[PDB]
Amino acid sequence: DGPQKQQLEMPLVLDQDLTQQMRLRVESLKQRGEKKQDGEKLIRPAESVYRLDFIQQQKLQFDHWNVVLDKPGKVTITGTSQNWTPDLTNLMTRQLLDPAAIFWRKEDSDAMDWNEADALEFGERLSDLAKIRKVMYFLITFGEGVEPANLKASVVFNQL
Ligand SMILES: C[As](C)(=O)[O-]
Ligand SMILES: C[As](C)(=O)[O-]
Ligand SMILES: C[As](C)(=O)[O-]
Ligand SMILES: [Zn+2]
Ligand SMILES: [Zn+2]
Ligand SMILES: [Zn+2]
Ligand SMILES: [Zn+2]
Ligand SMILES: [Zn+2]
Ligand SMILES: [Zn+2]
Ligand SMILES: [Zn+2]
Ligand SMILES: [Zn+2]
Ligand SMILES: [Zn+2]
Ligand SMILES: [Zn+2]
Ligand SMILES: [Zn+2]
Ligand SMILES: [Zn+2]
Ligand SMILES: [Zn+2]
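Residues numbered from 1 in each chain as written, not as in the entry; some residues may be left out. Chains lettered and ligands numbered in written order. Heavy atoms only, no water.

In the nomenclature of the PDB entry, the protein chain is known as Olfactory Marker Protein of Mus musculus. Here the protein chain is described in UniProt, under the heading Function, as follows: "May act as a modulator of the olfactory signal-transduction cascade." (UniProt positions renumbered as here; feature names shortened; annotations may be inferred.)

Here it is in structure tokens:
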């Protein structure tokens with residue numbers, strides 16, 4: 001908009017503990033032979049839980065994503081209802097957001113690509129979801145050839 005605005009880049013960091021929580025849960029149901037909680041969303045092996053901590057709940061405007069990969073691959077960052085307390089609820093399929101920001105990189109080059117229109121729609125939303133709580137949770141789906149160790153995934157906001 002304007003080349004003048006202060007920007008704050010906030011990293012989506014790997015949430016190893018809850019990722020595992022979720023990983024053990026899908027087990028459990030296996031060893032127990034119990035079914036899920038009706039509309040419960042079970043973390044697949046290909047997904048990993050990421051965390052985003054909002055440094056300034058207010059005055060965040062969202063500006064652009066800053067996601068890049070090490071190898072050619074694909075990733076999908078599906079947001080999560082800010083009403084989901086991983087301390088309390090079990091993530092419900094319905095708690096996932098629409099849409100998701102899908103990013104990918106093709107073989108020969110280094111240039112990142114994504115689903116623009118959607119990555120922007122989902123984006124403009126973080127500026128408000130920030131005012132709900134200082135913690136945002138996401139579920140990243142890794143393609144083939146990609147694993148957590150190839151990704152940088154911060155979100156750049158504008159300071160109002
Ligand atoms: C300067 As802008 C269009 O990335 O909010
Ligand atoms: C889901 As937790 C163990 O980071 O409060
Ligand atoms: C071809 As696929 C949708 O199983 O990564
Ligand atoms: Zn944690
Ligand atoms: Zn679960
Ligand atoms: Zn902007
Ligand atoms: Zn592909
Ligand atoms: Zn917790
Ligand atoms: Zn849609
Ligand atoms: Zn494109
Ligand atoms: Zn779409
Ligand atoms: Zn818009
Ligand atoms: Zn819109
Ligand atoms: Zn896959
Ligand atoms: Zn695939
Ligand atoms: Zn393929």
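A. Region of the structure containing the environment of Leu139. Tracing the chain through its elements places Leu139 in strand β8 (residues 135-142). When the C-alpha atoms of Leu139 and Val49 are compared, they prove to be 4.9 Å apart, with 90 residues separating the residues in sequence. Setting aside residues no more than four positions away along its own chain, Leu139 makes contact with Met22, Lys41, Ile43, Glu47, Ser48, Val49, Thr76, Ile77, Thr78, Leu91 and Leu96. (Helix = DSSP H or I, 4+ residues; strand = E, 2+ residues; numbered from the N terminus. Contact = heavy atoms within 4.5 Å.)

B. Expanded view of a negative patch on the surface. Together, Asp98, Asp118, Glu121 and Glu124 line one region of the surface with negative charge. Mapped onto the secondary structure, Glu121 falls in helix α2 (residues 116-132). (Patch = residues over 30% accessible without salt bridge, like charges linked within 9 Å, V, L, I, M, F, W, Y side chains within 5 Å. Areas by Shrake-Rupley, 256 points an atom, 1.4 Å probe, with all protein chains shown as cover. Salt bridge = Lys/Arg side-chain N within 4 Å of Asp/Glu carboxyl O. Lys, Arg positive; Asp, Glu negative; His and termini not counted. Charge placed at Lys NZ, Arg CZ, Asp CG, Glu CD.)

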